[PDB]
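*Asks:* Could you work out the structure for the sequence below:
(one chain, ligands or ions: 3)
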Amino acid sequence: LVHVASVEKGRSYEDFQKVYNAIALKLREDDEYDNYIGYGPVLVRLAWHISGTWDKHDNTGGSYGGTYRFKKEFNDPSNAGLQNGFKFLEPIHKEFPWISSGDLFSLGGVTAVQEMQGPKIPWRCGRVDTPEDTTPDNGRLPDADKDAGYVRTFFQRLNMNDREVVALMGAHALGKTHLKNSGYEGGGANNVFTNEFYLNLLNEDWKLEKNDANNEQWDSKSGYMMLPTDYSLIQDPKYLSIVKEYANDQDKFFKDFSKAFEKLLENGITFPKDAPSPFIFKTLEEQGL
Ligand code: HEM
Ligand SMILES: CC(=O)Cn1cnc2ccccc21
Ligand SMILES: CC(=O)Cn1cnc2ccccc21
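*Replies:* Residues are numbered from 1 along each chain as shown. Ligands and ions are numbered 1, 2, ... in the order given. Shown next is the structure:
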């Protein structure tokens with residue numbers, strides 16, 4: 001399958017900056033969500049889940065087709081909770097209905113990361129909505145109850161290497177788990193994008209426990225948690241070295257995350273040679289808004 005980026009007709013950087021700004025302003029406005037975490041983290045998770053269905057072998061899934069809007073994918077057990085992100089984005093789409101669904105979902109994740117003081121994430125437009133029969137089947141997103149070998153193999157399907165995997169996982173600095181969504185008991189949560197996932201992994205005193213949903217997770221006396229797939233990053237010595245690097249270099253983590261997250265959001269898309277260059281959106285704060 002070939003999916004060629006096609007710019008929404010007549011649109012340019014300023015059109016997309018307006019969408020970014022509407023998302024950003026709504027993020028500031030709807031601050032009470034999920035015990036005052038706000039919607040930033042769920043929007044990052046949504047952008048990842050709409051992209052993480054990709055399969056490099058046949059170019060099925062991926063962000064291009066905007067297929068999360070269809071019930072099969074919307075109702076994926078792996079996507080439980082993301083409906084909150086979809087609902088947040090609904091008025092934005094109503095205000096800017098020219099934007100494609102995949103462009104909106106991916107842009108929501110970019111905006112969330114930046115507005116949460118994360119790195120700039122260059123972003124390209126041109127995803128085109130594809131029909132219902134292009135929706136990938138459920139089961140392509142990763143399990144949390146698994147080990148480092150599973151994580152490494154899993155992410156090969158998304159064409160991600162060890163450093164890309166470890167950098168992407170740093171998004172677990174954000175937000176929390178919810179027992180009703182995923183069967184994992186949430187711990188201390190934040191809504192600022194930092195390298196704190198790596199610091200938390202290395203510095204806390206972790207104990208393996210079984211939660212009320214019968215699932216194992218690692219818990220600290222300080223009140224934090226890690227998934228078994230998170231903790232795998234310090235069990236595997238390849239991943240461990242990279243964890244240590246990002247715990248000790250905030251700029252390097254930012255730079256590597258930005259590249260990996262752009263790549264995740266662009267997997268499966270062919271950009272014509274005369275497509276616009278990636279856009280780097282200004283934050284509300286940079287605009288004085
Ligand atoms: C092995 C890979 C991964 C697994 C198994 C995994 C699993 C999970 C689980 C179980 C949750 C809790 C969902 C809920 O209960 O609401 C979660 C939340 C989250 N995940 Fe991941 N994840 C992985 C990779 C990623 C990546 C690559 C990103 C993005 C770059 C990401 C971003 C997030 C965010 C931001 C949240 C918090 C959402 C919220 O607070 O509502 N995750 N993840
Ligand atoms: C309001 C609307 O046009 C619905 N809609 C159509 N595509 C969308 C993508 C994200 C959120 C909502 C979306
Ligand atoms: C600060 C921290 O690492 C919190 N955390 C640790 N693992 C997580 C999984 C999903 C969401 C958040 C998670």
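*Asks:* now the residue in the stretch 101-250 of the chain that ligand 1 sits nearest to, nearest residue through space, not along the chain?
*Replies:* Nearest residue of the stretch 101-250 of the chain to ligand 1: residue 175, at 2.1 Å (C-beta to the nearest ligand atom). (Each C-beta comes from the backbone N, C-alpha and C, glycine too.) With sequence-adjacent residues excluded and distances taken as C-beta to C-beta, 6 or more residues apart in numbering, residue 175 is closest to residue 41, at 2.7 Å.
*Asks:* on that earlier part again, residues contacting the residue of the stretch 101-250 of the chain closest to ligand 1?
*Replies:* 34, 37, 40-42, 44-45, 189, 191 (C-beta atoms under 8 Å, 6 or more residues apart in numbering).
*Asks:* Strands of the stretch 51-200 of the chain, residue ranges please.
*Replies:* Under the criterion DSSP state E, counting those that start in this stretch, the stretch 51-200 of the chain contains no strands.
*Asks:* Contact partners for the closest residue in space to residue 39 that isn't next to it in sequence?
*Replies:* In space, and not counting its chain neighbours, residue 39 is closest to residue 88: 4.9 Å by C-beta to C-beta, 6+ apart. Residues near residue 88 by C-beta under 8 Å, 6+ apart: 26, 30, 39, 42-43, 108.
*Asks:* Give me the neighbour count for residue 74.
*Replies:* As a burial measure, residue 74 scores 14 neighbours (other C-beta atoms under 10 Å).
*Asks:* ok, now how distant is it from residue 213?
*Replies:* Separation of residue 74 from residue 213 (C-beta to C-beta, to the nearest Å): 22 Å.
*Asks:* same check, this time on residue 55
*Replies:* 29 Å.
*Asks:* now do residue 93
*Replies:* 34 Å.
*Asks:* more crowded one of the two?
*Replies:* residue 93 (18 against 12).
*Asks:* Find the nearest non-adjacent residue to the more buried one, please.
*Replies:* residue 104 (5.7 Å).
*Asks:* Get me the contact residues on the stretch 1-150 of the chain for ligand 1.
*Replies:* Those residues of the stretch 1-150 of the chain that sit near ligand 1, judged by C-beta under 6 Å from any ligand atom, are 41-42, 44-45, 48, 81, 142, 144.
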